[PDB]
Amino acid sequence: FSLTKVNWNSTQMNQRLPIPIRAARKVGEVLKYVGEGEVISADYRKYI
Amino acid sequence: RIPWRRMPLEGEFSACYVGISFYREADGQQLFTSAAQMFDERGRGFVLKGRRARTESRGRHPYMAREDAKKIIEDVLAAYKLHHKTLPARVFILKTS
Amino acid sequence: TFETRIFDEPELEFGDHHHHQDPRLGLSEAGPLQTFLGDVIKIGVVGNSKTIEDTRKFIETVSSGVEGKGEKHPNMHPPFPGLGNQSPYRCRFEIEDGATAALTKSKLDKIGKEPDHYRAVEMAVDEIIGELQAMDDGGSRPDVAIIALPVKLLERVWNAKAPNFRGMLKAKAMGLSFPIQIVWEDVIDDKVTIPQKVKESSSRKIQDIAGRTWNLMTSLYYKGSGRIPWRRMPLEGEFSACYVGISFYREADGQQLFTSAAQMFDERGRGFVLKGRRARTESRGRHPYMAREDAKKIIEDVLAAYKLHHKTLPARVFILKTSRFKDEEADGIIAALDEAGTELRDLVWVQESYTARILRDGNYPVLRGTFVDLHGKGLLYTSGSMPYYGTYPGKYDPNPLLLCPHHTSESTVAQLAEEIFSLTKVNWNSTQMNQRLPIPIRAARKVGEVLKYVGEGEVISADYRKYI
Amino acid sequence: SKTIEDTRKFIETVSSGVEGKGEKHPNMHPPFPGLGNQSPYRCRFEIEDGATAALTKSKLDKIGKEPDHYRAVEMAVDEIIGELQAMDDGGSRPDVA
Amino acid sequence: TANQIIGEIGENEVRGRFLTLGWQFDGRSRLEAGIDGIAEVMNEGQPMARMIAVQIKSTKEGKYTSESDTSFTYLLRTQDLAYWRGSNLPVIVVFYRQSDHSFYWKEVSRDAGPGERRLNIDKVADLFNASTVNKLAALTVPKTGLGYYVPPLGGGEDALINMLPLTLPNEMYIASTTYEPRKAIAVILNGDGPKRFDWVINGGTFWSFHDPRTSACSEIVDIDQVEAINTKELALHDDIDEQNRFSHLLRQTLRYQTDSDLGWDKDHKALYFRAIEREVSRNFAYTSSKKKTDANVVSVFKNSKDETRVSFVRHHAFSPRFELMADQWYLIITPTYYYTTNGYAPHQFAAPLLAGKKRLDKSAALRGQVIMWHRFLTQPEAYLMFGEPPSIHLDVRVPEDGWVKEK
Amino acid sequence: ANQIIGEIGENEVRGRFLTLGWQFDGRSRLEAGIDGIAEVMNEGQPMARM
Amino acid sequence: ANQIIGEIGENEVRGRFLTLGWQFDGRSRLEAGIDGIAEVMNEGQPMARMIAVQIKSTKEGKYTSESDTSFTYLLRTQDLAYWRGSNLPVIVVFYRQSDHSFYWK
Amino acid sequence: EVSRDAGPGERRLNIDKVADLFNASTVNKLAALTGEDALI
DNA sequence: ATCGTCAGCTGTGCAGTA
DNA sequence: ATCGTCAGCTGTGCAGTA
RNA sequence: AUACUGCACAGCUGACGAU
Ligand SMILES: [Mg+2]
Ligand SMILES: [Mg+2]
């Protein structure tokens with residue numbers, strides 16, 4: 001419950017999922033279309 | 001630079017938080033695994049980042065195997081020990097399966 | 001020309017995250033670092049009937065604001081705020097009516113006939129420890145003990161004419177819950193014509209009635225409550241470090257020599273821990289120099305005691321030793337370190353003299369902390385003139401302690417000089433600002449001074465409350 | 001460590017003006033004006049403390065002990081690159097290293 | 001007119017004199033006639049939130065009431081005193097001189113104390129300038145002093161250091177030796193002519209800076225030629241015992257070749273000043289130009305009441321060491337006293353005589369002792385040449401300029 | 001226009017201070033937080049209170 | 001540090017100006033470009049009507065191509081277009097801390 | 001106004017609109033400084 | 001896979017900053 | 001094996017609180 | 001012995017070498 005409003009894409013307190021689940025889902029959404037041999041970045045700003 | 005972070009409590013051990021989640025392939029019916037490896041900085045900061053790797057599919061199941069789970073934890077521990085110059089005292093793992 | 005640096009005065013942590021360079025002011029302004037739950041401290045007392053009563057009136061009278069020596073320079077002798085509603089310790093202190101010891105006046109004249117003095121110290125201290133054990137047996141256990149000696153029982157136990165005192169009685173007292181505190185009557189009575197031992201003089205002039213109560217109470221509060229008065233602050237980017245210091249004490253008679261040590265580090269919450277070691281430190285040699293075995297043992301011990309509390313391993317190890325760093329034991333130290341895995345290392349040596357005695361233009365001596373790098377040997381002035389006071393506390397010839405780091409160390413000498421300058425007023429004895437020799441060697445001297453004659457049974461309590 | 005302290009000292013010294021070599025051929029040796037209001041860049045350089053990589057002496061000792069020429073330079077280069085990569089991934093990104 | 005314009009240019013110039021060491025003098029409207037703008041104390045880019053009320057008078061040109069370079073016995077009024085005491089902020093008094101553009105301030109407050117008629121004794125050492133600025137910092141902080149204080153106000157002063165650099169000679173001489181040192185001292189003692197002893201002998205070879213046939217005979221040395229080695233190739237590989245042998249070489253060099261040959265004490269260390277005759281004074285005023293010559297070297301102290309008995313006589317002593325601090329030598333000094341009852345027979349009670357003056361007050365003469373001792377040693381062959389210690393730079397100064405001297 | 005609104009706010013603050021007959025004098029922009037100095041008088045009683 | 005050197009340079013240049021009169025106001029902190037307004041004194045009465053003055057102060061250190069006889073300064077064309085469209089002459093001065101080199105251009 | 005009491009500072013000033021006015025009324029104030037049962 | 005002829009282009013290092 | 005040179009290394013007493 | 005400052009004094013240590 002403490003790790004809930006750490007998500008920086010929004011500003012509401014009406015957040016249900018915690019930050020690591022949301023970050024993992026957004027990382028996967030962006031990673032869905034990346035082909036093999038391309039460059040993937042560890043920077044979080046490329047995913048939100 | 002990060003706008004805000006949760007307040008750490010007093011007296012708690014050092015720890016790193018790892019999520020886990022899955023996603024599809026947008027043409028076929030498969031599933032991957034992808035996640036972040038967040039923890040607390042040495043000063044006043046928060047490190048939220050992914051990993052520079054893509055896990056393979058290995059079947060249409062939302063559960064991994066005993067060959068990349070060890071690798072993920074090794075990467076998290078190496079990323080913590082490169083910055084804090086020591087290994088942490090606690091590992092927190094969150095999963096959707 | 002020679003390069004130099006200066007350092008601002010380091011602060012001390014207190015209650016409410018408060019940082020200040022003046023521990024009296026920080027204690028009086030923000031309370032202790034760790035407050036006590038109950039507002040009670042029970043203190044034992046050994047003495048004749050005159051010392052108990054005026055001790056009670058002393059405890060009563062200090063609770064109303066005993067002022068300093070004078071109105072001028074109002075900050076080296078500050079006004080004591082008392083023990084009521086504004087206390088530096090925020091707790092009350094009292095003598096319970098179950099610790100009111102007295103001494104027999106029968107076994108004196110045949111002691112005054114003086115057949116032997118070693119047997120005299122033996123029977124006197126055996127009676128003292130017997131009374132303390134009989135006090136701790138009942139349901140009137142005190143948190144501390146005052147061992148204020150009778151005058152004739154002391155004058156003829158110190159200059160009994162080769163005796164020893166102030167620590168041998170502790171050396172046969174590692175079995176009592178309360179850590180004892182011997183107090184000579186010089187401030188407890190504060191009127192008696194005390195002799196000056198060898199030089200037949202009037203008395204030892206001490207000070208006024210503010211700073212005495214201040215540092216005495218501070219020592220009593222640490223020794224009684226178990227809570228800790230102060231610590232230095234971490235920095236936003238500091239790694240994890242442990243401080244170990246080694247001293248080179250003599251025998252009980254002074255032919256062989258043994259090596260004592262200390263240990264300190266931080267806490268997981270808001271605290272500081274300073275321990276000795278509950279083991280013997282035998283010689284295996286005669287010349288005053290280290291061995292591989294003792295250095296490896298103390299390094300393994302400090303690593304184990306850090307991992308017991310923090311559940312991690314420290315990223316930095318700091319050693320302050322009073323002799324040459326040679327490879328006969330540095331191999332053991334380094335091997336124990338990468339056996340653990342600690343990355344940053346430091347090995348600093350002290351006591352090289354006649355190196356620099358820098359002066360200034362004016363009348364006063366140098367400031368507190370003028371550090372100079374003499375092409376590797378960094379000399380610093382832990383004492384000197386001091387601006388918040390407005391005066392110069394000190395007589396003449398302030399010694400610039402220098403740092404000779406071993407070449408295995410990974411840091412610059414200026415950074416280590418700043419770190420040791422932040423590690424001067426951190427020991428839990430008295431409230432004095434100037435502390436030339438650092439705490440890791442200070443505590444090592446303080447444990448070796450009681451270990452140099454008894455280690456035969458009665459293993460030490462490493463809680464440091466019986467070492468001040 | 002010593003390289004970092006001398007780098008900070010170098011920046012601090014050269015930010016406050018630098019004298020010319022001599023009066024012989026003045027256009028060959030013009031004086032540096034420093035990063036003040038007379039700066040020939042209209043910007044200033046600062047070394048933030050949140051990202052600064054100090055190299056431990058154990059790793060340098062291991063570098064100076066390898067007899068093989070190729071892999072020693074390779075591992076030194078790779079270690080520096082890993083330090084800079086972990087510098088980049090965090091929230092303490094510098095403009096130039 | 002004249003007075004108003006010269007007063008406003010005076011307040012402009014003292015605003016600049018405020019500004020030259022921080023001290024942001026923020027002005028105000030002139031509608032009080034007796035207080036200027038409020039100054040705010042600052043410390044090297046950081047304001048310290050400390051403020052001083054300032055007031056400035058018009059000008060001072062030429063001579064005035066008891067005007068002098070040091071005395072300046074000027075007296076002010078008494079009507080303004082209450083006007084200058086009915087205040088909370090510490091009001092400071094300011095005047096301006098057009099002769100050397102200087103600025104007068106020597107008073108802040110007296111707490112309702114009529115001290116004569118407001119004496120302004122100025123230019124004794126320095127006026128309101130870069131020197132003695134902590135006299136302005138310790139104004140709003142009173143003698144009550146709970147926790148508040150002021151750090152030293154910047155400045156930056158030089159300071160001396162007490163090791164004299166040495167320039168050693170160019171050559172050194174070695175030879176073979178098949179003898180013993182107890183024979184050497186015997187032939188030195190029982191020999192006929194004059195002799196010196198600026199040599200040492202190790203177990204295998206010779207160690208000196210003199211001839212195969214020295215002025216102190218040649219019996220101890222061999223019949224072979226001594227070998228000429230330059231001093232820039234000397235023991236620079238290993239074996240600090242060779243450095244110890246060079247130390248004994250330089251030890252005998254300083255012991256048997258000095259200026260106005262002294263005696264060599266073994267109580268403190270090294271050398272000490274002698275007595276020229278039977279219990280007489282010993283001054284030897286000398287200087288390296290400047291404007292002050294030497295004050296004292298050796299004095300005679302007598303009994304307080306028993307005039308027919310002498311108490312003691314003290315001389316000055318020091319002890320050089322051996323430190324190759326980065327291939328550059330340094331002789332290290334320790335100024336101490338040595339006591340006797342006649343100048344030749346050693347004192348049996350010299351322990352508490354070193355204290356006293358070491359106990360009484362501050363140093364107040366250690367700089368002078370360092371200066372005269374560094375000038376004393378810088379004056380057939382001498383086999384030595386001495387230099388001058390460096391002066392290091394500090395960013396901080398002691399606030400004793402703003403403090404009170406010891407009484 | 002942040003300097004403009006800061007200056008007009010300072011001037012109007014000084015005007016409301018002074019229309020009741022209370023002194024207030026601003027400072028330069030070399031400060032940090034101390035935006036001015038105020039001394040109080042009432043019916044011509046200007047004591048040196050800061 | 002460089003913010004206070006400009007203020008003290010302006011103050012002492014004004015002290016030089018007020019030395020022989022030359023009534024100078026300075027500006028507030030709202031100014032941009034041109035500094036305060038000054039006049040010329042005539043033996044104790046402001047006979048001159050008005051003129052504009054601008055301060056320019058620098059630290060210790062020589063100027064560009066300064067070799068014992070001269071130096072050079074370059075002017076931004078925004079400032080030049082600012083002063084060209086005006087109703088008052090302007091003057092430009094220099095630094096004062098080496099040997100108080102108040103110059104007029 | 002901010003106080004000078006011992007300890008920490010007092011941030012987060014709360015200002016009302018009744019007695020904090022800068023009119024002639026409040027001139028001399030700053031001049032004195034010198035459970036529930038649910039079911040599843 | 002070698003040897004003279006001519007014609008030109010990259011690595012690797014030392015003084016000297018005129 | 002005590003005498004010299006050189007560097008520590010460790011124990012005991014006064015005083016003055018500026 | 002509240003300590004922590006210098007001073008003075010004493011003992012001890014190791015580094016080289018002999019008629
Ligand atoms: Mg988005
Ligand atoms: Mg004690």
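Rules of the game
Residues numbered from 1 in each chain as written, not as in the entry; some residues may be left out. Chains lettered and ligands numbered in written order. Part of a larger assembly, values for the part shown. Heavy atoms only, no water. Residues with missing side-chain atoms left out of burial classes, pairs and counts. Helix = DSSP H or I, 4+ residues; strand = E, 2+ residues; numbered from the N terminus. Buried < 20%, exposed > 50% of the residue type's maximum accessible area, 1.4 Å probe, protein only. Areas by Shrake-Rupley, 256 points an atom, 1.4 Å probe, with all protein chains shown as cover. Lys, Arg positive; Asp, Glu negative; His and termini not counted. Charge placed at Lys NZ, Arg CZ, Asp CG, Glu CD. Rg over C-alpha atoms; globule rule 2.2 N^0.38 Å. Contact = heavy atoms within 4.5 Å. Buried area = accessible area lost by both parts, 1.4 Å probe. Salt bridge = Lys/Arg side-chain N within 4 Å of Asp/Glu carboxyl O. Nonpolar A, V, L, I, M, F, W, Y, C, P; charged D, E, K, R; others polar. Polar contact = N/O pair within 3.5 Å; in protein donor to acceptor, adjacent residues only side chain to side chain. Axes fitted to C-alpha atoms, helices over the stretch in contact; angles between N-to-C directions. Parallel < 35°, antiparallel > 145°, perpendicular 65-115°, else oblique. Left-handed = near helix turned anticlockwise from the far one by under 90°. 1 Å grid on protein atoms, 1.4 Å probe; cavity = no way out; pocket = protein on both sides within 12 Å on 5 of 7 lines; lining within 4 Å. Points joined across faces, edges and corners; volume = space filled by probe spheres on them. Near = heavy atom within 4 Å. Pairing = 2+ DSSP bridges. Core = buried A, V, L, I, M, F, W, Y, C linked by side-chain atoms within 4.5 Å.

- The record lists cryo-EM as the method behind this PDB entry and 3.18 Å as its resolution.

1. Quick word on the overall build of chain H
Then step 1. A count of helices and strands for chain H gives zero helices and zero strands.
Then step 2. Reported as C-alpha extents along the three principal axes, the dimensions of chain H are approximately 65 × 30 × 15 Å.
Then step 3. By the burial criterion, 5% of the 40 residues in chain H qualify as buried.
Then step 4. Here chain H displays about 4,400 Å² of accessible surface, and carbon together with sulfur accounts for 54% of that area.
Then step 5. One finds the centroid of the 5 positive side-chain charges in chain H at a distance of 11 Å from the centroid of its 7 negative side-chain charges.

2. Overview of the overall build of chain D
Then step 1. Each helix and strand counted, chain D has three helices and zero strands in total.
Then step 2. Reading chain D from its N end, one meets helices and strands in the order α-α-α.
Then step 3. Its C-alpha radius of gyration of 19 Å places chain D more than 25% over the 13 Å reference for a compact globule of 97 residues.
Then step 4. C-alpha extents for chain D along the principal axes are approximately 50 × 35 × 20 Å.
Then step 5. Within chain D, the proportion of its 97 residues that are buried is 11%.
Then step 6. Long-range pairs, those at least 24 residues apart, make up 39% of the contacts in chain D with a sequence separation of at least 6.

3. Section: helix α11 (residues 413–421) of chain C
Then step 1. By the criterion of burial, α11 of chain C is predominantly enclosed, with seven of the nine residues buried.
Then step 2. The complete set of buried residues in α11 of chain C reads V413, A414, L416, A417, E419, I420 and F421 of chain C.

4. As for the interface of chain C and chain E
Then step 1. The interface is formed by 33 residues belonging to chain C together with 42 residues belonging to chain E.
Then step 2. Together chain C and chain E conceal approximately 3,600 Å² of surface at their shared face, both sides included; 64% is due to carbon and sulfur atoms.
Then step 3. Where chain C touches chain E, the interface holds zero salt bridges.
Then step 4. When its residues are assigned to classes, the side of chain C that touches chain E shows 16 nonpolar, eleven polar and six charged.

5. Side note on the environment of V94 of chain E
Residues and elements named next belong to chain E.
Then step 1. One can find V94 in strand β4 (residues 91–96).
Then step 2. Along the sequence, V94 and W105 sit eleven residues apart, while their C-alpha atoms lie 5.1 Å from each other.
Then step 3. Discounting residues that sit within four places of it in the chain, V94 has contacts with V14, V54, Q55, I56, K57 and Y104.

6. A closer look at the interface of chain G and chain E
Then step 1. Taken residue by residue, the interface counts eight residues in chain G and seven residues in chain E.
Then step 2. Roughly 720 Å² is buried in total at the junction of chain G and chain E, and carbon and sulfur atoms are behind 63% of that figure.
Then step 3. At the junction of chain G and chain E, the tally comes to one salt bridge.
Then step 4. Of the charged contacts, one joins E7 of chain G and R15 of chain E as a salt bridge, the two residues approaching to 3.4 Å between their closest N and O atoms.
Then step 5. Run the count over chain G and chain E and you get two residue pairs in polar contact.
Then step 6. Split into classes, the residues belonging to the side of chain G that touches chain E amount to two nonpolar, three polar and three charged.

7. Structural notes on the pattern of salt bridges
Then step 1. Across all of its chains, the model carries 54 salt bridges over all chains by this definition.
Then step 2. Note that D75 of chain B and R51 of chain B form a salt bridge whose closest N and O atoms lie 3.2 Å from each other. In this pair, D75 of chain B is assigned in helix α1 (residues 69–84) and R51 of chain B in the loop between β5 (46–47) and α1, connecting sequence segments 24 residues apart.
Then step 3. The exposure class assigned to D75 of chain B is partly exposed, which follows from its relative accessible area of 32%.
Then step 4. A salt bridge links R397 of chain E to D401 of chain E, with the shortest nitrogen-to-oxygen separation between them at 3.7 Å.
Then step 5. Taking the relative accessible area as the measure of exposure, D401 of chain E reaches 23% and is therefore partly exposed.
Then step 6. Salt bridges sharing common partners tie together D43 and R45 of chain A together with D88 and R93 of chain D.

8. With respect to the packing of helix α9 (residues 292–310) of chain C against helix α10 (residues 327–340) of chain C
All names here are of chain C.
Then step 1. Interhelical geometry of α9 versus α10 gives an angle of 25° and a closest axis separation of 8 Å. In terms of their interaxial angle, α9 and α10 are classed as roughly parallel. Regarding α9 and α10, the two cross each other, and that crossing is right-handed. Across the interface between the two elements, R292, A295, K296, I299 and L303 from α9 touch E328, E329, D331, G332, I333, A336, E339 and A340 from α10.
Then step 2. Residue composition of the contact of α9 with α10, grouped by class: six nonpolar, one polar and six charged.

9. Quick word on empty space enclosed by the protein
Residues and elements named next belong to chain E.
Then step 1. Taken as a whole, the largest cavity holds about 600 Å³ of empty space.
Then step 2. Those elements giving two or more residues to the lining of the largest cavity turn out to be β7 (163–167), β8 (171–174), β10 (206–208), α5 (240–255), β16 (330–332) and β18 (385–386).
Then step 3. Examining the composition of the lining of the largest cavity, we find that five residues originate from one element, α5, more than from any other.
Then step 4. Grouping the amino acids of the lining of the largest cavity by side-chain chemistry returns 26 nonpolar, seven polar and six charged.

10. Description of the side chain of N134 of chain E
Then step 1. Structurally, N134 of chain E can be placed in helix α3 (residues 134–137).
Then step 2. Each residue touching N134 of chain E, except ones within four places of it in the same chain, is listed here: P151, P152, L153, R397, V398, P399, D401 and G402 of chain E.

11. Some points on the protein's contact with RNA strand K
Then step 1. Around RNA strand K, 36 residues are found, and the nearest of them are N215, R286, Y396, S430 and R442 of chain C.
Then step 2. Backbone sugar and phosphate groups make up 74% of those atoms of RNA strand K lying within 4 Å of the protein.
Then step 3. Between a base oxygen of RNA strand K and a side-chain N or O atom of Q207 of chain C, the distance comes to 2.9 Å.
Then step 4. Between RNA strand K and the protein, one listed contact pairs a phosphate oxygen with a side-chain N or O atom of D397 of chain C at 3.3 Å.
Then step 5. Broken down by secondary-structure element, the contributors of at least two residues to the surface near RNA strand K are α5 (151–158), α8 (211–225) and α12 (439–451) of chain C together with α5 of chain E.

12. Regarding the packing of helix α1 (residues 3–19) of chain E against helix α1 (residues 2–19) of chain G
Then step 1. Contact geometry for α1 of chain E and α1 of chain G: axes closest at 9 Å, N-to-C directions at 155°. Judged on the interaxial angle alone, α1 of chain G and α1 of chain E are roughly antiparallel. Between α1 of chain E and α1 of chain G lies a crossing of left-handed hand. Note on element contacts: α1 of chain G touches α1 of chain E through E7, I8, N11, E12, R14, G15, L18 and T19 of chain G, opposite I9, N12, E13, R15, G16 and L19 of chain E.

13. Overview of the protein's contact with DNA strand I
Then step 1. Taken together, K21, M28 and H29 of chain D are the residues near DNA strand I.
Then step 2. One nitrogen or oxygen atom from the side chain of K21 of chain D is found 3.2 Å from a base nitrogen belonging to DNA strand I.

14. Structural notes on the pairing of strand β10 (residues 272–275) of chain C
On a regular strand, one side chain projects to one face of the sheet and the next to the other, so that they alternate.
Then step 1. Alternating positions in β10 of chain C separate cleanly, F272 and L274 of chain C being buried on one face and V273 and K275 of chain C remaining unburied on the opposite face.
Then step 2. Counting the residues that bridge the hairpin from strand β9 (residues 260–266) of chain C to β10 of chain C gives five residues.

15. Digging into the nonpolar core
Then step 1. One finds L274, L403, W428 and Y464 of chain C to be the most contacted residues of the largest nonpolar core, which totals 43 residues.
Then step 2. At the level of elements, β9, β10, β11 (316–321), α11 and α12 of chain C are the ones that each hand at least two residues to this core.
Then step 3. Ranked by residues supplied to this core, first place goes to α12 of chain C with seven residues.
Then step 4. Among residues more than four places away in sequence, those in contact with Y464 of chain C are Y222, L274, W428, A443 and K446 of chain C.
Then step 5. Listed in part, the 29 residues of the second largest apolar core include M48, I56, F72 and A137 of chain E.

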